[PDB]
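Colleague: output the structure for:
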Amino acid sequence: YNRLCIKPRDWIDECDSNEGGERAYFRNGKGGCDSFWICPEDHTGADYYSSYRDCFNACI
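Modeller: Residues are numbered from 1 along each chain as shown. Please see the structure below:
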C-alpha cells in the first residue's frame, strides 16, 4: 500500500515550524494534499515532495 506520496505513519505530526524538521507534502485518498513536518526524528531520507505544487499536481 501507499505510494511515496502517501505516508503510512502519523510520525509525530506535531514538531511544528521551527519546533521541527522540514515541511514535506503528501496526499491521502481524501481530496487534497496534507503537509506535515518531518521532525529531525524520522530522518527517513525523506525522498518526498518538497513543493506543495508538486504534491498537488502529482497526486490530485
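Colleague: give the buried residues for stretch 18-36.
Modeller: Buried residues in stretch 18-36, defined by neighbour count with 16 or more other CB atoms under 10 Å: 20-21, 24-27, 33, 36. Any C-beta I mention is one placed from the backbone N, CA and C, and that applies to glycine too.
Colleague: could you dump the residues you listed to a markdown table with distance to residue 60 and secondary structure?
Modeller: Putting those into a markdown table (distance: CB to CB, whole Å; DSSP: H, G, I helix; E, B strand; the rest coil) gives the following:
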| residue | distance to residue 60 | secondary structure |
| --- | --- | --- |
| 20 | 25 | coil |
| 21 | 24 | coil |
| 24 | 16 | strand |
| 25 | 11 | strand |
| 26 | 12 | strand |
| 27 | 7 | strand |
| 33 | 7 | strand |
| 36 | 17 | strand |
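Colleague: tell me which two in those residues are the farthest apart.
Modeller: Spatially, the most separated pair among the buried residues of stretch 18-36 is 20 and 27, at 20.2 Å (CB to CB).
Colleague: please enumerate the strands of this structure.
Modeller: Shown for the chain, the strands assigned by DSSP state E span residues 23-28, 32-37.
Colleague: now these in a markdown table, with distance to residue 5?
Modeller: Below are the strands of the chain laid out as a markdown table (distance: least, CB to CB, whole Å):
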| stretch | distance to residue 5 |
| --- | --- |
| strand 23-28 | 5 |
| strand 32-37 | 9 |
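Colleague: kind regards, and thank you for your time.
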